[PDB]
Amino acid sequence: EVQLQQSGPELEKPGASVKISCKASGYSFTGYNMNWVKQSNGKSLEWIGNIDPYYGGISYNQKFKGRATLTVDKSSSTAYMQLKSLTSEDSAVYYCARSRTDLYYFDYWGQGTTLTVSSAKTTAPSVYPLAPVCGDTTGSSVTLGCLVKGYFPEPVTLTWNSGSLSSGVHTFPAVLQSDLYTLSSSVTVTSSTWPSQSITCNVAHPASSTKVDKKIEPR
Amino acid sequence: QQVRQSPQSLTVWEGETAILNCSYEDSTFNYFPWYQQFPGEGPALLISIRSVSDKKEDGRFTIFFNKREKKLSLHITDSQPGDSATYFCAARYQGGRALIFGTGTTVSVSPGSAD
Amino acid sequence: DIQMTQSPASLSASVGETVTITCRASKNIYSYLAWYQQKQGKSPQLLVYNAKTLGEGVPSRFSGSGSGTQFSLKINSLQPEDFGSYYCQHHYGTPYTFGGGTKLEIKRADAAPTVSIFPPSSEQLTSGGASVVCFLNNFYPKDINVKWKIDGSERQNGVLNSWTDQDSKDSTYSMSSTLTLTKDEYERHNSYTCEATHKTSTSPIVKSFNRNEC
Amino acid sequence: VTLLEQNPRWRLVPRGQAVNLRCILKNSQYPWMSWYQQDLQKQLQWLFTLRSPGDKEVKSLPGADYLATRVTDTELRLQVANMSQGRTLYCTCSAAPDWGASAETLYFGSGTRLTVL
């Protein structure tokens, strides 16, 4: 299949200049264009410009012209986007997206890449096991939880059983509290799968290289 | 190369037939026009074929088309010295505003060359 | 620069039902109009291009129509997985601009929330703070009120609330409530109660605990 | 002269200077006008299609930087700049795109050779 695998999340300081990538696979790189769209605040999409791997001609959204910079790497089949002098408004999700040459309708999209443009010091989070009150009663199912308090910036990844526990879950969007973040999750299995089977919420944090596995323990 | 053509230079005695080949990778390009270009002048359409058709004729000029196989060819049934020029293969995405052009073949007619 | 404008800005409808959403270019674009679906947390996916042409693989619930300056999108057989934000983008001349989207919710049968309270982890207590968490998952409608009664008195300060987006596997809603105070105030009270007010009951859903009792 | 009026012909750009083109549409029934480039190894390249008046577009390729504008209904200019790779540039014109069958003819003006040589 056609797949766009883009660079990870970025934290940089105002005036700094990040460079995001986008590995294309499963189709002939050159024969298509690489378009980049930005989605600020989970809101409005915005096209930054594009490139033709082949002829190497680039078009720029009239406003990102001054600071976006598109390039292609045919050998790797990799598209890039450096946004010089980042201001605090650059902070958005960047998506590389493919499109033909005169039909600027977007075909396949990258997964996104969070780009926070800030001052604030990276803050790793504090993860805490959440265990059912106190009983080990019936109810035929039990809900366990995981709270990830205080971090910076926003891109955080919580899994449960390293994604082996795909369903029954509910991770919840984070909320900004005094320049830091508080995100949490919920997992509901059967009164027979817990406490016996071990469940482990696991949080990652790019910005501070953080790997936290917190095992949920009864009381 | 979204649209590709071969050969890139064919030299042929006058009277002879010429076969110019071409193929595209993007399945739903729908119009396939070929073009002729005489030294010092703007490219001039020669013959064309919608995608829903296997053959196309104009006296000496003829396209044979392979939708399924994404293949197309140009046969210049009788060659005369007047046919020497560059023939670009071409294709258009349905709803499109442009022509995506092959690299063109340089056909030469009646050689011992230098025409 | 073209101005794409969408309508309504949101809308809900049962599964099986049909719905039409519209888009407005501020200039005559021709049939150079695309339509995408986005599920929050995910990237935009293509449905239509050339105002009416169906994207490779896209289901036939999706019909595209319109030309010039006014276009529309119709989904027959509303499936549960069609929730999300819908967007229109012109593809006529640069810069390609997107419409502001349309939010589609899927009405479903009501469901009372599954309320469950969790106390401060010792790990957090150790540190010097205490957050009481409450999850009220899988409910329908999306409307829900949760009160926090710290020993019986309600408290408006210390609550952070968060809601997922419509689930796909069931079409229901979920949400978190978080009461954070110190372990000083924490250990200085016993009853911790979480109370959801939802349409499916005349009596709130209460879930509680004893700081002091386990 | 016929369907399109293309001026100039063999201009020659200095290096840090911006040559500028302009093409005039004689027939009113092909209001869809584009700009193409034909490079030294004669590859033909679509640049842009500016349909309506006051429709400007921009683009940037290795060997040339283009700025285009479709001034009025028959007026269409182009300013090439940054050229360190001589090229012949073509005005073109066609009827409105079909959106179906899509078999309208693309007519090329006589082009503007912009050398080096």
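Residues numbered from 1 in each chain as written, not as in the entry; some residues may be left out. Chains lettered and ligands numbered in written order. Heavy atoms only, no water.

In terms of determination method and resolution, the entry is listed under X-ray crystallography at 2.5 Å.

All names here are of chain C. With its sulfur atoms 2.0 Å apart, the UniProt disulfide linking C134 and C194 appears as an intact bond in this structure. Placement of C134 in strand β12 (residues 130–137) and of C194 in strand β17 (residues 191–197) is noted, with a sequence separation of 60 residues between them. With relative accessibility at 0%, the residue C134 sits in the buried group. (Disulfide = S-S within 2.5 Å. UniProt positions renumbered as here; feature names shortened; annotations may be inferred. Helix = DSSP H or I, 4+ residues; strand = E, 2+ residues; numbered from the N terminus. Buried < 20%, exposed > 50% of the residue type's maximum accessible area, 1.4 Å probe, protein only.)

Once that is clear, we can look at the interface of chain A and chain C. If you look at the interface, chain A gives 44 residues, while chain C gives 45 residues. Here chain A packs against chain C, burying approximately 3,600 Å² in sum over the two surfaces, 64% of which is carbon and sulfur. Our count for the chain A to chain C interface comes out at one salt bridge. The partner of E56 of chain C in a salt bridge is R100 of chain A, with the nearest N and O atoms 3.0 Å apart. Across the chain A-chain C interface, the total number found is 13 residue pairs in polar contact. When contributions to the side of chain A that touches chain C are tallied by element, the ones reaching two or more residues are β4 (33–39), β5 (45–51), β11 (126–130), β12 (142–151), β14 (169–177) and β15 (180–189) of chain A. When the residues that make up the side of chain A that touches chain C are grouped by side-chain class, the tally is 21 nonpolar, 17 polar and six charged. (Contact = heavy atoms within 4.5 Å. Buried area = accessible area lost by both parts, 1.4 Å probe. Salt bridge = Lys/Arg side-chain N within 4 Å of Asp/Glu carboxyl O. Polar contact = N/O pair within 3.5 Å; in protein donor to acceptor, adjacent residues only side chain to side chain. Nonpolar A, V, L, I, M, F, W, Y, C, P; charged D, E, K, R; others polar.)

This paragraph deals with the interface of chain B and chain A. If you look at the interface, chain B gives ten residues, while chain A gives nine residues. Counting the surface lost from both chain B and chain A, the interface buries some 830 Å², and carbon and sulfur atoms represent 43% of this. When residues of chain B are sorted by the area they lose upon contact with chain A, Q1, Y93 and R97 of chain B head the list and together hold 50% of the total. Run the count over chain B and chain A and you get six residue pairs in polar contact.

A few words on the nonpolar core. Counting 80 residues, the largest nonpolar core has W109 of chain A, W34 and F101 of chain B, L33 and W35 of chain C together with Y36 of chain D as the members making the most contacts within it. The dominant element in this core, judged by the number of residues it contributes, is strand β4 (residues 29–37) of chain B, at five residues. Setting aside residues up to four positions removed in sequence, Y36 of chain D forms contacts with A98, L99 and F101 of chain B together with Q45, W46, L47, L89, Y90, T92, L106 and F108 of chain D. Core analysis: the second largest hydrophobic core is formed by 27 residues, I20, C22, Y32 and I48 of chain A among them. (Core = buried A, V, L, I, M, F, W, Y, C linked by side-chain atoms within 4.5 Å.)

Below, the discussion takes up the packing of aromatic side chains. All told, the structure shown has 35 aromatic pairs over all chains when counted by the stated rule. Ring centres 5.4 Å apart and planes at 90° place the aromatic pair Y27 of chain A and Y32 of chain A in the edge-to-face group. A residue is classified by how much of its surface remains accessible, and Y32 of chain A, at 11% relative accessible area, is buried. It is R98 of chain A that lies over the ring of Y27 of chain A; its NZ or CZ is 4.7 Å from the centre. Seen from the ring of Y32 of chain C, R97 of chain B lies directly overhead, with NZ or CZ sitting 5.4 Å from the centre. (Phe/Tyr/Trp six-rings, centres within 6.5 Å; stacked < 30°, edge-to-face > 60°. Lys NZ or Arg CZ within 6 Å of the ring centre and 35° of its normal.)

Moving on, we get to the side chain of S176 of chain C. With respect to the helices and strands, the residue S176 of chain C is situated in strand β16 (residues 175–181). Among the residues examined, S176 of chain C registers a relative accessible area of 3% and is labelled buried. For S176 of chain C, the side chain forms a polar contact with the side chain of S184 of chain A, separated by 3.3 Å. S176 of chain C has contacts with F172 and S184 of chain A together with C134, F135, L160, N161 and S162 of chain C, leaving out every residue within four places of it along the chain.

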